[PDB]
Every structure is written in structure tokens, then in C-alpha cells.
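Okay, here we've got a single chain as C-alpha cells, the form deposited in one PDB entry, with questions on binding and movement later.
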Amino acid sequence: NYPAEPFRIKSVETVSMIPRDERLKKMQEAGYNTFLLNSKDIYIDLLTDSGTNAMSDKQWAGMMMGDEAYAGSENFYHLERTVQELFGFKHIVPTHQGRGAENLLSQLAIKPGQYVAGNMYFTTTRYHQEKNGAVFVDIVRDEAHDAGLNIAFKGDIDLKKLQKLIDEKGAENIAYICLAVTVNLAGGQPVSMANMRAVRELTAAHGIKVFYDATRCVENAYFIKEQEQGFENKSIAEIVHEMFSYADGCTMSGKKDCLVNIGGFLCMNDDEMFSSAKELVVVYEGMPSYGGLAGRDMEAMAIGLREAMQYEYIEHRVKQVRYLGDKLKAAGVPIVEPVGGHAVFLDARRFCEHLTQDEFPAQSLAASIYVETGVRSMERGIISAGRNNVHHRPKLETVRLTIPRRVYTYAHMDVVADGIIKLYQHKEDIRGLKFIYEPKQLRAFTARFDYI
């Protein structure tokens, strides 16, 4: 139900236990924005599960055996062999993180004017696709956009929508299908193996390429083992390996399910695309033999990816997130359902019914959570889409409580839960927010605000 941590604590990280009065002053000095908070001031930093993971003793042992050679590093050979064994792809190009691989793939597989369709989008992924002249098309099923709808495998691609795109646009105008596992924006929702089969069957009949966003593929593999009939007696590794058998390649942000603080890579089976990838990695990331990573980090990511295949680790990872979601739902706090693999998303619509989507209820809710609890959370509603004078209104207005892997305990989840439950009582005190500075691209990171 809620298993204990399948590991011991080897080393602890020093945190600051500042009281509520000083936390309020830290939030005021930050203009009531979580993205502008200082790490030294935050008790529980649930901003993102990206690169915030706690490594293992075996990974740190590999950190001591960094082969920092420019070419022919043993660390690269270990990572390349590991990814080939576990993902089954023919070739791998290391990158410094996921958006590095996305830059490479979007320049290699996109013709200007073609379409790229996927199960929702991500900020960096959609940018590099549109940067390279592609038009994004959301082919996730409509249910994935309903926060409260609790159905399994919400990340599945609607085959009818995919068939409609091929009929109206033609397979020649479709660069590739971008299948993300899991689907971050929908709440960390998984994709079923049956859906990955069906997408592969339909795309191959039209010669359409399929590239995965493998960023949280191990979490996705756990949901298959838990909820998809027929996979209950299959290991996580067997599920991961079969998942990528239905893809032509993948981009991976190791900073997620590879249990590292930096790292990523690009996979493909096509020899010619791999040749062009090595040409492009040099000018952006580095040599194909390190790709913008130190040897020690290629070693840590190779070891981390193998550690993620342990059933007990990934079961505890997901169920710890589920514990936080279950305790909030039991108290009546509105959340995105079902709980995803990496985060609990607070529904800012129902949390702030009095506020409209112009008043930015999610950002002021996240800013209110830290002031009252000392926990940082990420606004993942409207400001991620931005400001539009010619706003780019999304249906999901959420506040993301993102859990780094192997960093926090259930008692930490209780502090998060108990503090948010108390904020839910007087949810009317949450004010509105408006832009005062707007980046032309990816605005939620550097945007400043003021109360309405």
C-alpha cells in the first residue's frame, strides 16, 4: 500500500528550519514568486523532479571513477552499453540534458512546414519543434485535459485523432509522432503498452516515424506492471525494453528517471540519422563520446538507469507521490486525478474558484503555499503558456508539487499535506496576479508579477 523506502539514508543534506515569521519575510523579499526563491531559504523544494534526485552510494562510487578523456572514455562505453541493453536502440548520443537531445532531433527529423503530433506537449520539446518549422498537433485523447476525470492511462494517444491527421494532412507532411512517457502536462499520466502497439502499427503502415520522450519512462513502466492486464508478472526492465521496441528513437532527460542531477541522451536505430546526429552534437553539446557531460556523470547516469529497473525502488517512488495525493484528496483538497508518477497537481480552479484565469490563481496559490508551509511548488497553469495580446488559455490550471526521487520521506509529505490542508480552509485570501515583465519565449521562469 505505502511501502517503506527500499534503501537506507547514506548521507543527509543540511536544511534551514526557519520559522513562519521569517519564511513570510523570505517570500516578501522574493515578490511572492517561487521561481525566484533561494534554495537556502526553502525547507522542502518541490519545484521540480528534474535533476534534484538523490544518488546512491554505487553512483557516487562511479563519481570517483570518472574517466574524463575526450574520446574513448570507459564511462561512455558503460552508458552506451547500458542504454543499448535496457532500451534496445542501436545508437546513442549523450547530451547534457533532455532539451539538448530535443534540439538535435528537431533539426534532424523535421522538414519546414511538416506536422509533429503527440500526446500533449512540453515547453522545451514544443519549442524546438516549432523552432524548426513544424506545426504541433495535440493527439492525446480529450479525457487527458479533464483534471478531475480519474481514468487509467490518460496519456494514451487517440488513434482516431491520429488517423484524422493522416487523412487530412497526408503522411508525407508528418515529420514524426512524439509519444511522451509519461505525459508531464496531464499530471504525469502513463501510456499503455497497447496504445504504444497501436500507434506503432498505424504509423508503420504509412511510413511515419515515432520518437519517444523517454524522460519518465520508468514511472510509465510501473503503471503498466500495476494496472495493465498481462504485465503483472513482467519485470520493469522487460516492460521498458518492450516499450521502446515500438519506437524509432527517443530523447531522454536523465535528470528524471535516470536518478542523476545532470545528463541526457538521444537514441535512434537509423544509421544515417545517427551520422548526422554526431555532426550536430559537436557544435552544440560536444563530442559524440561525452556530449557535454563529464565522464563521471555518464557513469552516474549509466548506473542510475540500471537502478531504476528495481521494482521496489520505482514502486516506492510512485506510491510516495500517491501517498501525498491520497492524503490531500481525503481532506477534500482538489487535485488532478489520478495521481501521476512524479507529482501531485493541485487544481487551482477549484482551489481558487473566486479568481478567474486572468487573475493567475495558480501562481498566487504556489506563492501562498511557501509563505505558510515553507514548501516550494511550481505554477503549471497559464503563465507556462504566457501572455497574449494578439492569454494563451490552457484548460489545466494547476500547481505542481513535484517530488524528487529518493530525497524526501513520508513525514515530509505529511508536512506538505498538513500545511496545504490548512491553506485550503481560507482559500479566499489568495489574491490575483498580473504581468510586469514578459519574456518573448518561456515566460514563467523570468516573469515578475504584482497583486491585482
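So that there is no doubt, residue numbering starts at 1 and follows the sequence shown. For clarity, a rigid core is taken as the largest C-alpha set superposing within 1.5 Å between two forms.
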Residues with no coordinates between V390 and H391, taken from the deposited sequence as a class: 1 to 3
Higher-scoring stretch by recorded Cα B factor average, 74-82 or 168-176: 168-176
Given 307-315 and 129-137, the range whose Cα B-factors average higher in the PDB entry: 129-137
Out of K58, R400, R406, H426, residue topping the C-alpha B-factor column of the entry: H426
Residue selected from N233, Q320, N261, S368 by maximal Cα B factor: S368
Chain third (lowest, middle, highest) by recorded CA B-factor, residue given as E29: highest
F265 - Cα temperature factor, lowest/middle/highest third of chain: lowest
Cα B factor band for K209 (lowest, middle or highest third within the chain): middle
Chain thirds of CA B-factor: placement of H241: lowest
Lowest, middle or highest third - CA B-factor, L355: highest
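Omitted here: the form deposited in another entry. The next part is about that form.
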Large Cα move at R23 between this form and the one not shown, threshold 2 Å, rigid core: no
Displaced residue check between this form and the one not shown: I436, CA, 2 Å or over, core reference: yes
Closer or farther: C-alpha pair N132/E438 in that other deposited form, relative to this form, given a change of 3 Å or more: farther
Outcome for the Cα pair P439, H128 in that other deposited form, compared with this form (closer or farther; change of 3 Å or more): farther
